[PDB]
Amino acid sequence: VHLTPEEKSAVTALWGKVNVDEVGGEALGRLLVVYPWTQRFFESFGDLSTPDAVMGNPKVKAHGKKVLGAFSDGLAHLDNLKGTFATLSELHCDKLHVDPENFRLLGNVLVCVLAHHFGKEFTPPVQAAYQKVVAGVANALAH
């Protein structure tokens, strides 16, 4: 992900403000609600028969944490996402068989969650830098 210094600036500043215990669970939760096929990789996680169900569901929040955990990593290694996400690639691709389009969706949901949490602070330029990041991360996962 070829971020400019100002793109890095925008991503980093906002990201330090992120509650890493909650945002990940919100993003994953919203994915399973908005794009229900995605529930298919998570039938082991329990009750997903409603939004409130999905949202207020501990296995969802738990896993979201890791997901967001992994994303923060990629944020530190912007100049090397392929290497960073080499392990996770061969998991979702070789082990789980998830289509790459779904990574794009998670990234976009994440972006919607950031917008939701930060409101006016999530400006168009700030959004644009974050789209570059999620795109880079999705591609690295797809590799």
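Take the two forms, superpose them, and find the largest set of C-alpha atoms that agree within 1.5 Å; that set is the rigid core. The first residue of the shown sequence is 1; numbering continues from there.
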| query | Relative to the presented form, and with the rigid core used for superposition, do the C-alpha atoms of 97-105 or of 27-35 deviate more in 5 other deposited structures of this protein? | reply | 97-105
| Do you reckon 88-96 or 106-114 strays further from the shown form in 5 other deposited structures of this protein, measuring C-alpha RMS after a core fit? | 88-96
| task | Would you determine, from the values in the PDB entry, which of 71-79 and 98-106 has the greater average C-alpha temperature factor? | result | 71-79
| If you average the Cα B factors in the entry, which is higher, 54-62 or 32-40? | 54-62
| field | Cα B factor band for residue 116 (lowest, middle or highest third within the chain) | value | lowest
| message | Is residue 2 in the lowest, middle or highest third of its chain when residues are ranked by C-alpha B-factor? | response | middle
